[PDB]
Amino acid sequence: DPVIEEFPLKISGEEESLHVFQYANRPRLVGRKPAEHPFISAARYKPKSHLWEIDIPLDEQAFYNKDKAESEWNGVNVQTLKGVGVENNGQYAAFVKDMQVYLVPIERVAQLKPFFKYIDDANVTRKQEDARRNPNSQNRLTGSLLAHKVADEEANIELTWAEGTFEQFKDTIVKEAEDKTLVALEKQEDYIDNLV
Amino acid sequence: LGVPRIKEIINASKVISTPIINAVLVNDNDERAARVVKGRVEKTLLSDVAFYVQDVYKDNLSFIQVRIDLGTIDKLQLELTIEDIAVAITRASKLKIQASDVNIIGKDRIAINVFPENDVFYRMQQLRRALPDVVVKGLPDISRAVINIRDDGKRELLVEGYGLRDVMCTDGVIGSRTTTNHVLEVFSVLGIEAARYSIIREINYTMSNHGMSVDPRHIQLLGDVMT
Amino acid sequence: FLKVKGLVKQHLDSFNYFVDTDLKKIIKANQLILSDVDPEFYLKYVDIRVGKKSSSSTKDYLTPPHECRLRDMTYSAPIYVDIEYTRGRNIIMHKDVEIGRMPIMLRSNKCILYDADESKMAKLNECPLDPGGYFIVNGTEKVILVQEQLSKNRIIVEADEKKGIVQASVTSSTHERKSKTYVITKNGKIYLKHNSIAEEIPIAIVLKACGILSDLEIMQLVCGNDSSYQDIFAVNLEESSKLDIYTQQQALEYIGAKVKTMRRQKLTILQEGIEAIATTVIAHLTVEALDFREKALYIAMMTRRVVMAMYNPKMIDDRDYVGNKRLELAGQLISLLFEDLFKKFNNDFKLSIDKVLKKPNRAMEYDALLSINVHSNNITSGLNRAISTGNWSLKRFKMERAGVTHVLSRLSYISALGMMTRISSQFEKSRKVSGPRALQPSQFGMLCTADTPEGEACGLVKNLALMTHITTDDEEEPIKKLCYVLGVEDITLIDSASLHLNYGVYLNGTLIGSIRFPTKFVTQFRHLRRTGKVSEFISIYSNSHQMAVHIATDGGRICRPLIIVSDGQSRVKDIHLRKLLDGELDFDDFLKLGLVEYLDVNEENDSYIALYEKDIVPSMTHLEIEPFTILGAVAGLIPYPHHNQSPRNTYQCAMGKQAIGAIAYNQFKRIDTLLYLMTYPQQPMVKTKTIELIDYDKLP
Amino acid sequence: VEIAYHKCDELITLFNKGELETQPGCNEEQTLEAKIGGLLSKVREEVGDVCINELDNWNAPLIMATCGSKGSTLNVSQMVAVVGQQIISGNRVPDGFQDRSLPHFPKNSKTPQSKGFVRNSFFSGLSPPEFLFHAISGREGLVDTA
Amino acid sequence: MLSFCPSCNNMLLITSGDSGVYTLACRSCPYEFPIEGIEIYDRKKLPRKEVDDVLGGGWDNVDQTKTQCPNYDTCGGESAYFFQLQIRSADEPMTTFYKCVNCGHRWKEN
Amino acid sequence: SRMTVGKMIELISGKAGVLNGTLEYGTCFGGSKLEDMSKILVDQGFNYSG
Amino acid sequence: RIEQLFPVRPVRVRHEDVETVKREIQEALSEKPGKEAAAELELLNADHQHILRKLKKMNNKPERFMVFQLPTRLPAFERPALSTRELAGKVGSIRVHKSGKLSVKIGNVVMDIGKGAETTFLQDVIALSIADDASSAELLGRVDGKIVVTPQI
DNA sequence: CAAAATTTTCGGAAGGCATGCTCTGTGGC
DNA sequence: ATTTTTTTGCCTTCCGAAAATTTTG
RNA sequence: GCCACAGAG
Ligand SMILES: CCC[C@@H](C)[C@H]1CC[C@H]2[C@@H]3[C@H](O)C[C@@H]4C[C@H](O)CC[C@]4(C)[C@H]3C[C@H](O)[C@]12C
Ligand SMILES: [Zn+2]
Ligand SMILES: [Zn+2]
């Protein structure tokens with residue numbers, strides 16, 4: 001019942017807007033060791049629709065099938081992953097700084113799944129080229145239709161991808177979470193009284 | 001039995017519920033003879049006589065390999081061989097296969113080759129999922145077979161199915177004493193005059209099980225009007 | 001218990017829940033009215049009340065029920081609606097606008113006979129022992145009978161072995177829309193069919209229409225790590241490749257190309273497919289954004305249940321199970337009728353407004369409310385008709401039910417008591433033994449084991465037990481937040497590959513997330529229920545075969561109170577019983593103290609109930625309050641019924657409603673079409689506790 | 001009845017362990033059900049036979065059974081002695097709940113009292129589970145007649 | 001054959017191609033896996049249920065005979081346990097089951 | 001043929017109750033026991049079985 | 001490195017063994033270098049030990065994150081009452097007892113801790129900036145595990 | 001020998017029937 | 001102009017589609 | 001008059 005050691009828990013970063021990516025296809029562990037992180041070449045994020053789009057260049061030397069891509073897919077050599085940032089409440093991304101656990105609120109979590117925009121582009125180009133040879137007050141949209149329309153019309157934002165920024169983030173999080181200590185107010189039973 | 005049996009007898013029902021063929025064995029006091037006769041009428045699927053079915057792809061040739069076993073065949077004592085399994089595979093018309101493709105490798109292996117923009121993969125997947133459900137021995141309509149020891153101690157072989165002629169033509173089964181509760185089957189095999197006895201006997205048995213005690217002259221009249 | 005929750009009061013409760021709460025839901029479903037001509041015109045129903053003005057302190061006068069009986073009138077109270085609209089250029093609001101007359105149930109909170117002493121009953125020529133719970137329409141007293149249906153918003157898995165197919169059906173029922181969806185097996189493949197979709201859609205295509213775009217994700221969600229499920233389901237993965245659909249837009253095109261849904265506005269085929277997936281495929285699950293995870297997981301769970309049914313046919317759901325059946329009372333039926341009536345009223349009012357507004361010769365905008373009454377009577381008329389004729393025809397929901405209401409039988413006191421609390425089965429034409437007509441063991445304590453008629457309706461129409469309660473609908477969002485707090489990882493951030501490695505959580509049949517420790521979660525939720533932090537009619541039960549914990553919140557579930565047993569000791573002690581007999585510590589205090597709790601059939605499945613105190617082993621979970629609950633009100637007249645044969649008890653339940661005796665205290669002030677009275681009635685020499693409890697010895 | 005219950009419990013133990021011998025045409029569950037049903041029918045017949053031979057002369061149900069005017073030996077045995085096994089559609093009481101008949105019995109219980117055997121006579125009064133099982137059988141008969 | 005493309009976790013299919021050589025190809029993304037010199041097989045091990053030897057236990061305490069086993073190139077046993085059984089019609093000869101005592105490999109004749 | 005022993009128990013319970021002066025109970029899975037009613041009947045000069 | 005480009009074969013378990021392999025699979029996914037009540041007690045003790053060693057392992061390791069799952073309404077704290085998103089600084093402590101059990105005390109309420117669902121896929125944390133001068137989204141590390149905190153009731 | 005006409009076999013859908021026999025009441029259109 | 005079902009089984013006739021067989025070149 | 005349920009054997 002007595003405690004032998006305690007790890008303090010701190011919360012900081014109320015304006016960081018920290019996201020979490022979740023690749024549906026890329027596994028975490030291969031064999032017994034952590035897998036190599038894929039290299040990201042391009043990132044896009046629609047702000048009002050919270051659509052994330054991540055481009056990963058796949059190897060062309062081994063297992064590429066240059067003929068099919070160069071013929072009917074206009075030579076696509078990258079795989080794109082699309083996801084929607086779902087707002088989840090109560091999720092904190094935490095790290096450790098000398099047995100002190102620092103938590104930063106997570107804004108959205110995105111389920112990135114493979115996207116095949118070149119297939120749709122080829123389909124619509126085929127439809128246009130086969131329809132133009134021989135052809136043969138209205139905004140009441142609400143709900144999912146309006147969301148799809150506003151996601152389609154709004155343009156992507158070419159985000160500048162970067163790596164190795166963790167040290168500055170850790171410094172500002174530790175600095176922001178070291179000056180203040182908050183005193184407890186609610187009783188143990190009063191917390192259980194409402195929203196258990 | 002009871003009222004549904006009367007209902008399905010008095011009309012010419014081509015298919016009934018629980019049809020039973022009571023074959024009388026030539027040798028009735030040996031369990032081994034009864035079991036080896038049962039092996040000739042009870043259907044045995046490919047899955048009952050095979051270790052594995054697999055699909056193999058090579059540099060330019062694609063096939064399906066089946067490994068049958070001989071220990072199970074020997075212990076159950078089926079009069080079945082490897083070439084019999086091959087010709088039974090070919091006789092399954094729903095698989096769309098012919099004898100030119102089926103080949104024998106070793107004493108256990110059977111290879112079913114496939115030759116031809118994506119048809120070969122679909123056709124081999126269909127063949128792989130349909131192959132272990134073919135019938136290599138037994139009658140195609142017999143659901144199951146059991147060996148019943150009667151009151152006097154002699155054994156009879158009674159089956160669920162619609163192949164009366166194939167049961168009574170099977171060696172080891174006396175064809176002159178094999179009967180069926182189904183009536184149109186008896187009409188097709190033995191004629192109308194045996195169908196009349198089948199109607200009369202089945203209705204009389206159904207009435208006597210419940211102890212209704214009806215005089216069988218009424219039953220004879222009903223059978224004569226039906227036939 | 002019979003002083004608070006009762007047996008006849010159940011109907012009352014539903015009507016109360018219809019008047020105080022559910023009318024607001026019906027209004028807010030379709031509260032807004034637009035105009036075709038003028039875009040600035042809008043009408044907004046902001047509130048609704050029955051039999052009370054917002055201005056007057058005292059409720060408005062109503063004719064007494066006996067006066068309505070004598071004069072062939074309708075016992076009813078006006079419906080008052082607060083309406084905001086535009087008259088010219090300024091928004092104006094008007095309260096207490098009458099749009100019809102709701103026929104009120106007797107002895108409800110809107111009746112004149114509510115909580116009235118015997119002297120006031122004598123002043124109004126009404127018997128104090130009248131059960132109430134019926135509607136006086138045109139002088140005739142009609143009872144809206146209890147309807148029995150399959151559980152709504154739940155997956156029901158059934159199979160036809162003689163036809164060889166399996167299916168999983170969901171009957172989505174929500175105030176916005178009602179629909180039915182099927183996931184069926186055909187030719188070894190799995191398809192999804194709906195009334196709006198013209199052709200059956202392969203399950204891979206409809207799963208790709210949602211957020212899932214990987215075949216590995218589909219196969220991992222449907223099957224998981226089990227090899228046999230993968231072998232069964234791998235055929236359906238090839239139909240996505242055969243029909244060259246690989247992206248979400250392609251599947252949406254394919255689905256929307258074959259939708260028969262007529263729409264007022266012309267809509268794009270892609271947008272039609274998005275609408276069909278969002279609102280039509282599964283009606284009670286809606287998506288307001290680009291995320292389709294909940295719908296995808298619902299369809300995947302249905303497909304997994306279908307696959308598990310195909311692997312072995314013993315994993316189907318029993319339609320005759322009481323936990324799979326829900327009971328519609330008068331409140332739910334009047335709600336589902338008033339929804340149609342209000343939709344027709346809104347359509348007619350919008351047509352009238354468009355007709356008047358198309359005339360441009362009027363400089364001054366007119367008052368729309370002046371044209372309420374010329375439509376409003378229709379509501380009342382239709383309402384009265386749906387209780388008078390008993391025919392129940394609603395083309396919006398394709399519902400053609402008949403015999404919903406019945407003329408209240410007045411052959412005896414127990415006859416009128418047993419006409420109340422009567423269940424009408426869904427399958428009225430089932431002539432098969434051991435189907436819906438069998439007495440399921442699941443109805444022990446919920447439905448009467450003896451009260452059923454002899455004849456063509458034997459086993460179909462049935463009566464409630466003595467000590468039962470029928471759950472009313474209540475909000476589920478606090479329960480959802482409590483689930484998220486208690487340790488349930490949300491469905492939008494868990495792995496699709498490892499979803500079947502641990503227990504899932506199903507709120508009202510919808511997969512809300514995953515739980516690492518199911519037993520601790522169930523114990524904590526039961527502790528919160530027994531303490532009083534959540535509603536006592538919320539049901540928690542863990543199904544180990546499906547690896548799920550189900551939380552049921554919606555109404556229509558049959559419940560039954562039971563004494564809790566902990567550590568081999570009954571939680572109800574002698575001091576509690578002494579307090580209850582002395583006058584304090586009533587049944588509600590028993591509920592708050594955690595001594596008794598309500599168990600429905602599904603929670604009774606995950607339980608172990610002791611019949612008597614002497615039979616308690618340490619493994620028991622609950623204790624029976626009293627056994628003769630399993631016999632209903634009509635069956636309670638039989639003395640020593642456990643010494644009899646069951647058909648004798650059934651015949652007594654049939655013939656007790658035809659016995660000649662005293663009807664009510666005002667039987668000589670009543671003018672009924674046929675009334676048999678006995679000159680010298682006597683109370684029985686051999687009584688029953690049920691006889692005393694239902695006051696049968698007062699009017700024998 | 002105690003001897004029959006002990007033997008039935010022994011068969012349940014053998015079935016649960018897995019060394020239960022099977023009938024020539026039946027599986028484990030089928031042969032267990034057949035053996036238990038035969039044992040319970042035998043014990044009902046034995047108790048009925050020891051009941052009928054003891055009733056004295058000028059016993060009205062016995063006289064009415066001897067005449068054939070009304071009733072039978074089975075009805076007298078059910079009124080005075082054990083009612084017997086309740087049979088629904090040729091089998092015992094089906095599992096209405098998950099892997100059990102009633103919540104008043106443990107899960108995976110196949111004891112005679114948990115699947116439709118009424119120890120009590122009609123004179124001694126039926127317990128609530130026996131009452132429910134007898135109601136199930138009577139309802140099946142009523143529906144069949146209807 | 002149940003395999004999935006590692007790039008996009010979509011199902012892999014086998015096509016003939018222009019060269020006539022089969023490859024594991026993905027219809028969604030540009031990925032192929034040639035199988036020249038590589039074996040691929042998806043084995044479906046069918047379940048095996050125990051079967052009782054319907055002729056076992058019958059070669060105990062029976063007369064012997066001098067019949068050479070058909071596997072003469074592997075062994076030269078002569079004494080074999082033999083017995084007679086009628087498994088056919090009554091107008092055709094009653095068959096003989098006989099097993100070698102050294103090599104097993106039981107066989108029958110008419 | 002109908003086996004209504006509960007009817008005989010009702011008759012004896014009613015007889016003993018009307019001789020004793022109190023209404024009796026035929027409550028399911030309980031009620032007034034037969035031995036008490038036989039004792040009441042035999043104390044009043046009637047046969048125990050009614 | 002090209003071994004990852006081999007056609008992935010999904011995990012297949014026989015139907016009779018699917019309920020038994022779940023322990024082995026659940027332990028293999030992490031790959032560290034009442035009968036149901038007792039089983040969950042053992043699982044909770046193992047989870048507590050695993051959380052302790054995983055917390056000790058990632059001390060001061062760059063680009064190493066672990067996702068906490070706290071209740072959406074934290075206990076109220078006195079203003080320097082405060083909104084749930086307005087908390088800053090130290091709020092509580094993770095405590096280890098002699099039995100090896102771990103408990104998270106926030107304010108004045110003690111709560112449990114468990115490692116929750118086991119994910120088989122890769123997760124990383126991405127900061128985001130929507131500055132009009134230059135919009136950037138820098139990677140900060142990978143998520144290694146997840147813990148869940150539930151009230152002690 | 002294999003292309004083309006003729007015939008047979010085989011499915012799924014479309015129809016139909018059954019869902020007792022009599023008898024006594026009411027209530028609403 | 002969004003949108004449930006509300007028994008269960010048995011039987012013959014029709015009618016393309018595909019398979020089987022014969023018949024022309 | 002047509003439907004609709006309600007009962008009786
Ligand atoms: C998969 C099940 C098929 C089944 C319904 C088919 C396949 C075999 C068929 C029977 C045989 O043909 C022999 C008979 C022929 C007579 O003409 C009519 C009756 C007869 C008993 C047939 C009835 C029926 O047609 C059967 C049982
Ligand atoms: Zn791919
Ligand atoms: Zn040899």
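Just so we're on the same page: letters track the sequence lines, and every chain starts at 1.
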Honestly, the part of A/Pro105 sitting under 4.5 Å from a heavy atom of chain G is neither

Measuring heavy-atom distances to chain G, does A/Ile157 have an atom under 4.5 Å in its side chain, in its backbone, in both, or in neither? side chain

Rounded to the nearest 0.5 Å, the CD atom of G/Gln4 sits from the CG atom of A/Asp59 at a distance of 12.0 Å

List the atom of G/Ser93, the atom of A/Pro8, and the distance in Å for their closest heavy-atom pair. OG-CA, 3.9 Å

Locate the shortest heavy-atom distance separating A/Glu14 from G/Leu87; write the atom from each residue and the value. OE2-O, 2.9 Å

Cut-off 4.5 Å, heavy atoms of chain G, and the answer for A/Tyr191 is side chain

Most chain A-contacting option - heavy-atom pairs closer than 4.5 Å, from G/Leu139, G/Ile94, G/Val109: G/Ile94

With distance as the sole test, does A/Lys97 use its side chain to make a donor-acceptor pair with the main-chain N or O of G/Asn60 at under 3.5 Å? no

Output the distance between atom CG (A/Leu182) and atom CD (G/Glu78), rounded to the nearest 0.5 Å. 9.0 Å

Rounding to 0.5 Å, atoms CD (G/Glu138) and CD (A/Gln168) come to a distance of 10.0 Å

Can you find a pair of side-chain heavy atoms, one from A/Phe63 and one from G/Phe6, that are under 4.5 Å apart? no

Does the pair A/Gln91 and G/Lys146 meet the rule for a side chain to side chain donor-acceptor pair (under 3.5 Å), with working shown? CA-CA 10 Å; A/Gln91 311 295 330; G/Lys146 167 152 188 143; 2.6 Å; yes

Go through the atoms of A/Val101 and report whether side chain, backbone, both or neither lie under 4.5 Å from a heavy atom of chain G. side chain

Among the options A/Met99, A/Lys187, A/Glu178, pick out the one with the most heavy-atom pairs lying under 4.5 Å from chain G. A/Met99

Quick check on the interface: out of A/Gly31, A/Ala162, A/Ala62, A/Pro47, who has the most heavy-atom pairs with chain G under 4.5 Å? A/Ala162

Enter the distance from A/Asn89:CG to G/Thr72:OG1 here, rounded to the nearest 0.5 Å. 4.5 Å

Could you tell me which portion of A/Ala93 (side chain, backbone, both or neither) has an atom closer than 4.5 angstrom to a non-hydrogen atom of chain G? both

Toward chain G, the part of A/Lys170 with a non-hydrogen atom under 4.5 Å: side chain

Within residues 119-132 of chain G, which residues come under 4.5 Å of chain A, heavy atom to heavy atom? G/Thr119, G/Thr120, G/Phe121, G/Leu122, G/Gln123, G/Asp124, G/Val125, G/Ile126, G/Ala127, G/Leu128, G/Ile130

Please report the closest heavy-atom contact between G/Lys98 and A/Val3, naming both atoms and the distance. NZ-N, 4.5 Å

Which bit of A/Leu58 is near chain G, if near means a heavy-atom gap under 4.5 Å: side chain, backbone, both or neither? neither

Over all atoms of both residues, closest heavy-atom pair of G/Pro62 and A/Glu167: CB-OE2, 3.7 Å

Could you have a look at A/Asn25, A/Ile40, A/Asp1 and say which one has the most heavy-atom pairs with chain G under 4.5 angstrom? A/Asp1

Between G/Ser136 and A/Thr160, is there a donor-acceptor pair closer than 3.5 Å when you use the side chain of the first and the backbone of the second? yes

Of all heavy-atom pairs between A/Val183 and G/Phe77, which one has the smallest distance, and what is that distance? O-CD2, 3.2 Å

Locate the shortest heavy-atom distance separating A/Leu159 from G/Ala137; write the atom from each residue and the value. CD1-CB, 3.8 Å

Is it the side chain or the backbone of A/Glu189 that comes within 4.5 Å of chain G heavy atoms, both, or neither? neither

Contacting moiety of A/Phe169, where chain G heavy atoms sit under 4.5 Å: side chain

As an exercise, state the distance from CD of A/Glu15 to CZ of G/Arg85, rounded to the nearest 0.5 Å. 14.0 Å

Can you say whether A/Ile192 sits under 4.5 Å from chain G via the side chain, the backbone, both, or neither, judging by heavy atoms? side chain

Honestly, the part of A/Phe95 sitting under 4.5 Å from a heavy atom of chain G is both

Straight-line distance of G/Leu29 CG to A/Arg28 CZ, nearest 0.5 Å: 8.0 Å

With no hydrogens and no angle check, is any side-chain donor or acceptor of G/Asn59 less than 3.5 Å from a backbone partner on A/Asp98? yes

Chain G contact via A/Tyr45 - which portion, at a heavy-atom distance below 4.5 Å: side chain

